[PDB]
Chemist: 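I'd like to ask you about the structure that follows.
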Amino acid sequence: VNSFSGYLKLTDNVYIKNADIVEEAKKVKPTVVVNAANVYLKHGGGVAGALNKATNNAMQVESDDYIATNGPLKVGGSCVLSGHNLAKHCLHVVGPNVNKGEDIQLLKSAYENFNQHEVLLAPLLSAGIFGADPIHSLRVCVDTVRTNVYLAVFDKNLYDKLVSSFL
Ligand SMILES: CCc1c[nH]c2ncnc(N3CCC[C@H](Cc4nc(C)no4)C3)c12
């Protein structure tokens with residue numbers, strides 16, 4: 001038993017809700033919140049900009065130190081950093097950005113990072129400003145992630161299309 005509420009169960013291990021991941025995060029304090037990161041961990045907009053703003057820019061300060069030490073992430077890769085006031089940990093995962101021409105097949109690799117964590121609060125990778133089809137992202141998610149994932153979908157209209165179209 002865990003503390004997530006109001007989710008619809010899609011599969012054995014994947015759940016979905018219409019929710020603001022920031023507000024969902026501040027209420028659950030999950031062990032892991034996933035950030036929709038880029039390779040530079042520049043949290044300017046989308047999910048990342050929202051999570052970072054909610055941390056009072058502390059996520060960005062920590063991220064800049066991480067990059068200065070380690071260099072950029074790989075597309076499809078991830079790193080674990082602090083969750084600040086939102087979660088114990090933030091898993092920054094780099095899905096491919098279609099608006100940069102990155103290979104959508106890397107989306108499966110991106111979701112594989114979720115399997116290193118037993119339970120996660122997460123957005124749909126490569127959705128939103130990353131330019132992928134969210135219906136496809138949900139499919140790859142269901143077919144790749146084996147751990148328990150609670151997907152927060154900000155847009156109510158999108159949430160309903162994803163549920164109604166889910167096979
Ligand atoms: C500000 C956006 C936001 C606020 N609060 C949220 N809560 C859940 N999801 C959210 N996003 C919508 C946009 C796309 C994003 C997915 C994705 N961005 C990139 C790059 N690649 O994928 C997810 C949000």
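Sequence positions, counted from 1, serve as the residue numbers for this chain. Just the heavy atoms: all of them, side chains too, but no hydrogens, waters or symmetry mates, feed the values below. When a ligand or atom number is given, it counts from 1 through the structure's own listing order.
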Chemist: Members other than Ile129 in its cluster, when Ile, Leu, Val, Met, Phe, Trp, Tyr link by side-chain heavy atoms under 4.5 Å?
Modeler: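 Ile129 clusters with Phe130.
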
Chemist: What ring pair (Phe, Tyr, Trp, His ring centres under 6.0 Å) pairs are there with at least one residue in residues 30-73, not counting sequence neighbours?
Modeler: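 Sorted result for residues 30-73: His43-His92.
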
Chemist: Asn57 pairs by side chain to side chain contact (heavy atoms under 4.5 Å, CB included) with which of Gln60, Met59, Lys53?
Modeler: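 Only match with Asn57 under side chain to side chain contact (heavy atoms under 4.5 Å, CB included): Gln60.
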
Chemist: How about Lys88 and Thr31: does a side-chain donor come under 3.5 Å of a side-chain acceptor?
Modeler: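 Their side chains do not contain a donor-acceptor pair, so the 3.5 Å distance test is not met.
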
Chemist: Taking only residues two or more places apart in sequence or in another chain, which ones pass side-chain hydrogen bond (donor to acceptor under 3.5 Å, both in side chains) with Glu102?
Modeler: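 Scan of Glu102 (side-chain hydrogen bond (donor to acceptor under 3.5 Å, both in side chains), adjacent residues dropped) gives none.
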
Chemist: Would you say that more than 12 heavy atoms from the other residues, nucleotides or ligands in this model lie under 6.0 Å from the NZ of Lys17, or not?
Modeler: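 Yes.
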
Chemist: Tabulated below should be the N or O atoms of ligand 1 paired with protein N or O atoms at under 3.5 Å; can you produce that?
Modeler:
from     : atom 1 : to     : atom 2 : distance (Å)
ligand 1 : 5 (N)  : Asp20  : OD1    : 3.2
ligand 1 : 7 (N)  : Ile21  : N      : 3.3
ligand 1 : 18 (N) : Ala127 : O      : 2.8
ligand 1 : 21 (N) : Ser126 : N      : 3.0
ligand 1 : 21 (N) : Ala127 : N      : 3.3
ligand 1 : 21 (N) : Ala127 : O      : 3.0
ligand 1 : 22 (O) : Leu124 : O      : 3.4
ligand 1 : 22 (O) : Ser126 : N      : 2.8
ligand 1 : 22 (O) : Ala127 : N      : 2.6
ligand 1 : 22 (O) : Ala127 : O      : 2.7

